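One structure below.
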Ligand SMILES: *[C@@H]1O[C@H](CO)[C@@H](O[C@@H]2O[C@H](CO)[C@@H](O)[C@H](O)[C@H]2NC(C)=O)[C@H](O)[C@H]1NC(C)=O
Ligand code: CUO
Ligand code: CUO
């Protein structure tokens, strides 16, 4: 939004440009890394998917990944950065660039590995607003990520739906032009947070949990075979925190209609009312699935995953406010309740049962 | 919530807060008036109502004096809002030269417009309930003396606060701030034990809050000075003293009942008054000066070698006036009088710094130098004096301050402020009149007739050849706002070129009018020496081509409104402000502006009833300054409404094409900016490009924020509208 | 499907030429030319109906015709419409029924309307 032609105009051609470099990747190599074709090896050299979600270093990999992608439009009239669409802001329909049927580079991608262009199947106050805002509420980075990753993949769930070739799947998502653009946004959200912290004097270009893991280098960005010097340089965890040396800028880190200072007031304002949350333990599973809540509807949230993905388990719980549910039943967090859930696979079936254990249910004043 | 000048209030606003005050005051509870009037002084509720030793609660002689009273004023505000007043607690400038108290708090009674009954004015008096005698507040005695003698170069109150705004450090500012404010307390209070002479009962008199709404605004002014000055505005000189919980406010639910003030009983976050306390002021203009203009005056002030008489003021129980004398030989000289405010049960207080009093002009008029042998005499008289011994207060000392600043030059060499011609000082009036004569004196290109001539038949459209002629003034009327933006700028710049430091003023015709501003109506005016008529603001102006004076005969109206609705012009402009895109606004915008052109334009065709002869009457400058102001109000509204403000997407054809007469450089007009910014697209952003800001963007008492609500409230109505398709005819026509 | 294509179009940035029309007591055809460098292109055309015996009419607003695609052909980006530096102007050759004749311009000049997408 707010684009002025031909600002829109330059880009398609650039996206068009890299559709085949196709040597460096040119774009398929650039696609593989999140995508299906096998990124790396266990020392036994077994196939892994070099996807770096599910961990705490989740943003860096991507935020980069935009870079790799972002660089890729290099001097191809890559006159401005990949745009972002703020899925937080409620929207009746999808965004043009990726809709226009004819002569548009954002409609789809192709996949040499499958012989096909991507297929997408969209599925039906703003929900994401509420969900993201919580993430912002948090002050620990780790605490933030779990919500930040889960708020994120909610869209890879809904944009793609039931096609293997799609955004719902790990395997071929990276292939669809829609994916980066969703990202800029995800990345933007992260940036906003950093500004938030900074406002609060908490660490923003650093992070105290866990010291373990930010230090592990990241492939493919690690790999020798990445012919972009920059990413390797920040291939690490701890670099890549200060996105400033990227170097890019977002037009404005303001959540919709809010100064950052304004934003904290907001969150602070929200925080008055005592809330009640549910938190799940989520852990790796090969398939990708959506999960639907109940007590009235309490749902819902989604998990992103695919075959041959590195397994992962979150350190912390994932929280989802269910207070509206209680009022719905008129309960006081006092009267006691059964929190009933459901968990569908992205493919048509089949809501298999946990898997995830039991949800805890906790109360925050106030 | 908007805090306005007492004079700026409409009768609606005046009556609505009178009822609110009436209700708040009339009926007594712990949430009532008296309970609040008792916060400041003498039921003696501090440190606790329990037990043995109790003193007045309010903080004085300390850096937290303004913090404390900011809360009390806020308490009063919320209390009135809750009882049906749309406006925050209004203020009155005492800095303005005034002979007597404003009618709002002066009148004993007032008439109810609806009931047509005359009932007691709530702001004249106030009962004192904790005593059983009653009533008994009585501001009736005013001390010596209102206009003179006190100081002044000039205005007692104005000088002292000027000096206050001058200081860099908070405490340095605070002393001068408080003790100057102290005077109007003792001044209005007089010999009367009650009503503001005594710290005890001062807050019972309703003037107190109108008083301290001003005091609060003054702090806000100083605060804005500091950010421009680029220096810290918080109270660091007394850092510990900010963390002490404000005495009567911090108390628990029975003793104090206001949430907002209790959270802020620790003044640390009280500084950002707009965010935390949710109010603001109509203007932060001090005197006639804007905030940037304000720093200029203190620079001219700070460039002189100054000598002061410094007083260390500590608490003596009574409230007292000390009269200062400079005695350099034989008899002495009266250099001024300062007041210290107190009571028998006052909280014990003492200033860390010294109060500086200027004494600089006492020396000059004494035929005495700074370093000559002289004593200072003080005679301390109690307000119930029974005059006090001079030892009651420690002896004053003289302080010498050498000239200092080189902060020049300054980025406001281009900056201007446009104010009301109805609000102007006689000094400022004469300054405008002389400047305009020189403007009018020039008969060729750099002069006043040329800029007025852009409304003339002189043919610049097209050129060099134009086969057949028409007037080159921009109408049509999409680009009407832009062109007059530049015309009013030319009128301004040429007027600035001729010895003037201000911007082109305006007059509010959205608001009702009795007669034309004093600046215009009269043929002859009196200069400081006394003078024949220049004038040059009477309609008399020679049009070189027509060789006559553009006479302007008034019309039969204009005063229609009753209590209920706004003036017809106010209604029109609201409908104009409603619109989303520029053109739908523009049509209403100007058709509204066409009014006065026809209203001061009488039968006479030489008047501004015709757009050909229109600009030769100088009120045109005032008119389309205000016309331009509305266009600026809109731009702020569009920003508020999250829509395009310094651009537009309709009628690009004319909006991208440079104006006919301004774009013809360089021989035809001297202005650097109207040449560079001649394209309508460039003239949109007036703030950055033309370097001038307006007095206020308030419309008919409604702020921009309130305006949008009023605009929205109307839009909720189911309403019919009649539309008119208008074409240009040579005649100047009234259509009913 | 109709509303589908309509909503589709509002999602594109578009440029229009606004025409205030009225009865000129005779029918006529209005050809629209937008000239960038004084190089002129036939952008679009408007027809007006009327007669010797006519009921005088003035439109309540202006009819629109989009030059959006025409601009794309001249490779002058919608952004350049705002720029004074860039040279674009709008011209109309009004031509009557009997031929030529042609009418001296009795119809108000067209305006550029930029409709940003939603
Ligand atoms: C007016 O002021 C005088 C001067 O202070 C008051 O007299 C003092 O009153 C206090 C008690 O309030 C005594 O402790 C002092 O010793 C008195 N000093 C002098 C010089 O009189 C006097 O009480 C006041 N008058 C009224 C009517 O209040
Ligand atoms: O300050 Cu408490 O009195 Cu005006
Ligand atoms: O200016 Cu052209 O007339 Cu009000």
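Residue numbers (the authors' numbering), protein chains in the order written: chain X, 2928 to 3051, 3062 to 3232, 3240 to 3310; chain S, 423 to 1158; chain W, 2790 to 2907.
Note that the Cβ used here is the ideal one computed from N, Cα and C, for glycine as well.
Among the CB atoms of chain W, one or more fall inside 9 Å of the CB of residue 2933 of chain X. Interface annotation, residue 2822 of chain W: not in contact with chain X, CB-CB separation never under 9 Å. Rounded to whole angstroms, the Cβ separation of residue 767 of chain S and residue 477 of chain S is 5 Å, and the two are in contact under 8 Å. Cβ neighbours of residue 628 of chain S within its own chain (closer than 6 Å, five residues either side excluded): 545, 548.
Distance from the CA atom of residue 1024 of chain S to the CA atom of residue 2843 of chain W, rounded to whole angstroms, is 39 Å.
Within chain W, no residue has its beta carbon less than 9 Å from that of residue 3007 of chain X; the closest one is some 13 Å off.
Taking a C-beta distance under 9 Å as the contact criterion, residue 871 of chain S and residue 966 of chain S qualify as a contact pair.
Of the heavy atoms belonging to ligand 1, none sits nearer than 8 Å to the Cβ of residue 934 of chain S.
With a contact defined as Cβ atoms closer than 8 Å, residue 777 of chain S and residue 1060 of chain S miss out at about 48 Å. Residue-level contact by beta carbon fails for residue 2868 of chain W and chain S, as no gap is shorter than 9 Å. By the Cβ test, the segment 3005-3013 of chain X is in contact with the segment 3107-3121 of chain X, since at least three Cβ pairs between them sit closer than 8 Å. When 8 Å is used as the limit between beta carbons, residue 1074 of chain S is near these residues of chain W: 2870, 2871, 2900, 2901, 2902, 2903, in chain order. Nearest in C-alpha terms to residue 3219 of chain X, of all of X:3097, X:2949, X:3262, is X:3262. For residue 2885 of chain W, the three-state secondary structure derived from DSSP is strand. Annotation for residue 974 of chain S indicates a beta carbon at 8 Å or more from all heavy atoms of ligand 3.
By alpha-carbon distance to residue 3115 of chain X, the top candidate from X:3130, X:3267, X:3096 is X:3096. Listed in chain order, the non-local C-beta contacts of residue 436 of chain S below 7 Å within the same chain comprise 526, local neighbours out to five positions each way being set aside. Close to chain X, meaning a Cβ-Cβ distance shorter than 9 Å, are the following residues of the segment 2793-2806 of chain W: 2796, 2797, 2800, 2801, 2802. Counting only runs of 4 or more residues that sit fully inside the segment 1061-1103 of chain S, the alpha helix (DSSP H) segments are 1074-1077, 1094-1098, in chain order. Between residue 1020 of chain S and residue 1007 of chain S, the CB-CB gap reaches or exceeds 9 Å.
Exposed is the label assigned to residue 797 of chain S, since fewer than 16 other Cβ atoms lie within 10 Å of its Cβ. Taking residue 464 of chain S as the centre and dropping the five residues before and after it, the same chain places the C-beta of 478, 622, 623, 765, 767 closer than 7 Å to its C-beta, in chain order. Judged by pairs of C-beta atoms under 8 Å, the segment 3167-3184 of chain X touches the segment 2985-2992 of chain X, as three or more such pairs exist.
Proximity of chain S to residue 2879 of chain W at the Cβ level (cut-off 8 Å) is accounted for by 1075, in chain order. At least one beta carbon of chain W lies nearer than 9 Å to the beta carbon of residue 3020 of chain X. Closer than 9 Å to the CB of residue 3015 of chain X there is not a single CB belonging to chain W. Proximity of the segment 689-706 of chain S to the segment 635-649 of chain S meets the contact definition, three or more beta-carbon pairs being nearer than 8 Å. Neighbours of residue 2936 of chain X in chain W, taken as residues at a C-beta separation under 7 Å, are given in chain order as 2866. Its Cα nearest to that of residue 3295 of chain X, the residue X:3229 stands out among X:3305, X:3278, X:3256, X:3229.
Using beta-carbon distances, residue 1101 of chain S counts as an interface residue toward chain W, with a partner under 9 Å. Only residues of its own chain outside the window of five on either side were considered, and among them 728 have a CB closer than 6 Å to the CB of residue 823 of chain S, listed in chain order. Residue-level contact by beta carbon holds for residue 2906 of chain W and chain X, with a gap shorter than 9 Å. Here residue 799 of chain S carries a strand assignment [DSSP, helix/strand/coil]. Within the segment 3077-3094 of chain X, no residue has a Cβ lying closer than 7 Å to any Cβ of chain W. Around the Cβ of residue 819 of chain S, a 10 Å sphere holds fewer than 16 other Cβ atoms; the residue is exposed.
According to DSSP, residue 3304 of chain X shares a beta bridge with X:3216.
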